[PDB]
């Protein structure tokens, strides 16, 4: 599973040919990134299956809701996103295998398909939350494509620390897996590499046990403080 410090970086297998083009059809994120971000969103149930396998079931499509206490800029509100068109589950399976997800109970995942654009004079913010926890138990962040960008450096932090203990610029074909409770993270802004437009296409998977799922009326009421 995860390394001693609570994170691992892995290489990803080749992706299906429809995955990278699908980022061109993600609509603008109306809630984050102030026009620099484009997004689709889907949620799944993860059930340990017969054999040492995991079965994915896409859940009925719902608005994304998170807590203000984890996300001060995009928490506490209903975030209406379009569903993800492509199938990320083979890539997610790689993260499940590296995590050694506990098979004693089922899991629920949030899947964020994000493109962030940068241009000369206008960086693309990746974590306007600042140093943060996403609020889940494990998080997988996979880089699918980068074009003409600098910056975008992932930094891992122990709670309370003045500086990160690990930093690295994740490249296309890499993913980081992290203990989202024991570590916090941020990422530096995407910059234009040459003064012209550039972009960074990623998928973020947030893992929670089904018994603490981030899905349904009860979760929504808590995140929205209703």
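Residue numbers count along the first chain shown, from 1.
**Q** Averaging only over Cα atoms, indicate whether 133-141 or 96-104 has the higher B-factor in the PDB entry.
**A** Stretch with the greater average CA B-factor: 96-104.
**Q** Going by the mean C-alpha B-factor recorded in the entry, which is higher: 197-205 or 56-64?
**A** Comparing 197-205 with 56-64, the higher average CA B-factor belongs to 56-64.
**Q** So if I compare the CA B-factors in the entry for 34, 43, 188, 192, which one is the largest?
**A** Max CA B-factor in the entry, restricted to 34, 43, 188, 192: 192.
**Q** Highest recorded C-alpha temperature factor, please, choosing from 75, 83, 121, 128.
**A** The C-alpha B-factor peaks, among 75, 83, 121, 128, at 121.
**Q** Please place residue 109 in the lowest, middle or highest third of its chain by C-alpha B factor as given in the entry.
**A** Bottom third by C-alpha B-factor.
**Q** Split the chain's modelled residues into thirds by Cα B-factor; is residue 156 in the lowest, middle or highest one?
**A** According to the entry, residue 156 has a C-alpha B-factor in the chain's lowest third.
**Q** Considering every modelled residue of the chain and its Cα B-factor in the PDB entry, is residue 167 in the lowest, middle or highest third?
**A** CA B-factor rank for residue 167: middle third.
**Q** Divide the modelled residues of the chain into thirds by Cα B-factor and specify which third, lowest, middle or highest, holds residue 51.
**A** Highest third of the chain for residue 51's C-alpha B-factor.
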